[PDB]
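Worksheet: one structure, shown below.
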Amino acid sequence: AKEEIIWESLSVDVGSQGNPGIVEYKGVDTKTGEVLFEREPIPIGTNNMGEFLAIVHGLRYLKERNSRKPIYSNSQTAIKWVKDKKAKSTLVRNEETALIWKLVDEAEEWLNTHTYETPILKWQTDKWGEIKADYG
Amino acid sequence: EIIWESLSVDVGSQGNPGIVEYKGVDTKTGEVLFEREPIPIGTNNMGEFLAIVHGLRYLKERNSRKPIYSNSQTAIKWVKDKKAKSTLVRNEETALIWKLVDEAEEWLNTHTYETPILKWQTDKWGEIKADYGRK
RNA sequence: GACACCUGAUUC
DNA sequence: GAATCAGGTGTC
Ligand SMILES: [Mg+2]
Ligand SMILES: [Mg+2]
Ligand SMILES: [Mg+2]
Ligand SMILES: [Mg+2]
């Protein structure tokens, strides 16, 4: 197949220091690389929770702007979680991990109370190389 | 913080896998205490492993209690486990490095030591003192 | 096995 | 920027 990148899109990726560890995420214009949104470093979180938050944040960003652009993520886990509207994270829940869980609860609440037209697509890393929203 | 009364070791190579050498130095002085003759074919991690054990033997025979610094997370673990886990092909071309690694492992399995093996915090203190010059 | 995210090094 | 040597966790 000649499946090609849809450039008119939003790509999200997570960046961390450790896992679990410090987690950040951002959404960029797939074509230009321009950062559209970002999250301040969360002291303790996992890669999957971060990828999940990033996609939902993207859904909210595009909906508010009445955009029909699809969202790309290379995380099969986060994509499934958003589809299920449930983040199945094993991260222990306590004072240290209270913030990331608070954000995850907020994202689930959002997914369960809003509809969206956005196609959530799996970034074909093997076919296209690293996703554009990567940190470096 | 940094413990200056210590021995620092590091590997150096040209290619990886490639030619490898290693050395130990007085962390404070910078004085070279030992330096291995270049080995034709080896890996960076095999070299870091040899360097630490060599340092261990060096301190052991002097009944020194000073610690050893290495910036190698891999080699520090191999030493704690008393087992190197290199993926390097084992044959006539790599016989020397493997002979040294086998002997270093055997040394660990035939001696006791008190020497604390510490991780050099490159992120905070800069490059290890036994570092090899660029190029 | 798969999709990810890292950690510490060695070099060219 | 490219390549290789090693150890580790989150999830499906
Ligand atoms: Mg990702
Ligand atoms: Mg990435
Ligand atoms: Mg080193
Ligand atoms: Mg060095």
Side-chain angles (χ1 to χ4, degrees), chain A residues 11-26 41-42 44-55 72-84 86-92 97 100-101 104 120-131 133-136, chain B residues 8-23 38-39 41-52 69-81 83-89 94 97 101 117-125 127-128 130-134:
Chain A
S11 285
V12 297
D13 196 12
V14 177
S16 84
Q17 295 178 64
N19 183 34
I22 298 175
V23 34
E24 296 163 45
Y25 72 70
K26 73 182 192 298
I42 303 172
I44 305 303
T46 68
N47 63 325
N48 298 324
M49 291 169 120
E51 303 262 26
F52 176 72
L53 297 177
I55 297 177
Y72 275 117
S73 167
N74 63 15
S75 180
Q76 303 203 312
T77 292
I79 290 176
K80 184 182 181 293
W81 286 0
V82 173
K83 173 176 284 54
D84 291 357
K86 189 67 181 181
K88 217 185 174 75
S89 180
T90 71
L91 184 64
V92 74
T97 67
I100 186 68
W101 271 115
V104 169
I120 298 175
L121 307 176
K122 209 306 185 165
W123 177 263
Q124 310 297 298
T125 298
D126 66 311
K127 303 187 180 185
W128 317 321
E130 183 66 10
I131 192 161
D134 185 68
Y135 281 66
Chain B
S8 287
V9 302
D10 197 19
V11 63
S13 80
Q14 170 177 299
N16 183 37
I19 298 174
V20 341
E21 67 191 325
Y22 68 73
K23 65 172 187 289
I39 298 155
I41 307 289
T43 67
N44 61 321
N45 298 317
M46 284 169 120
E48 305 264 34
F49 178 72
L50 293 177
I52 296 169
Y69 276 124
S70 171
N71 63 27
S72 184
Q73 172 181 276
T74 296
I76 286 165
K77 193 222 178 206
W78 287 357
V79 170
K80 301 301 149 303
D81 299 333
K83 170 65 186 177
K85 216 160 154 185
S86 177
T87 64
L88 189 69
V89 60
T94 58
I97 189 76
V101 175
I117 297 170
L118 312 172
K119 208 295 173 177
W120 177 259
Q121 312 288 299
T122 304
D123 40 289
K124 310 159 195 167
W125 321 326
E127 185 65 12
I128 190 147
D131 185 58
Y132 279 81
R134 155 182 174 170

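Residue numbers begin at 1 in each chain, while the letters A, B, ... track the order of the sequences. Note that these values count all heavy atoms, side chains included, but never hydrogens, waters or copies made by symmetry.
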Picking from D/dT11, C/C5, C/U10, the nucleotide nearest the side-chain atoms of A/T77 would be D/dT11
On the nucleotide D/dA6, are OP1 or OP2 found under 4.0 Å from the side-chain N or O atoms that B/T87 carries? yes
Whole-Å distance, B/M46 CE to D/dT4 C1', equals 14 Å
- Check if the side chain of B/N16 and the base of C/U11 share a donor-acceptor pair of N or O atoms closer than 3.5 Å. no
Is the distance from OP1 or OP2 of D/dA6 to the nearest side-chain N or O of B/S86 less than 4.0 Å? yes
note: A/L91, atom CG; C/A4, atom P; distance rounded to Å ~ 22 Å
Of the listed D/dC12, C/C12, C/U7, the closest approach to the B/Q14 side chain comes from C/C12
Regarding the side chain of B/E48, the nearest nucleotide among C/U7, D/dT4, C/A9 is C/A9
Rounded to whole Å, the CD1-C1' distance (A/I100 to D/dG10) equals 13 Å
| query | Are A/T46 and D/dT9 close enough that a side-chain N or O sits under 4.0 Å from OP1 or OP2? | reply | no
C/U10 phosphate, OP1 or OP2, under 4.0 Å from B/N71 side-chain N/O
yes
Item checked: Phosphate OP1/OP2 of C/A9 contacted by B/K119 side-chain N/O (<4.0 Å) -> yes
**Prompt:** Taking only N and O in the side chain of A/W123, is any of them less than 4.0 Å away from OP1 or OP2 of C/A4?
**Reply:** no
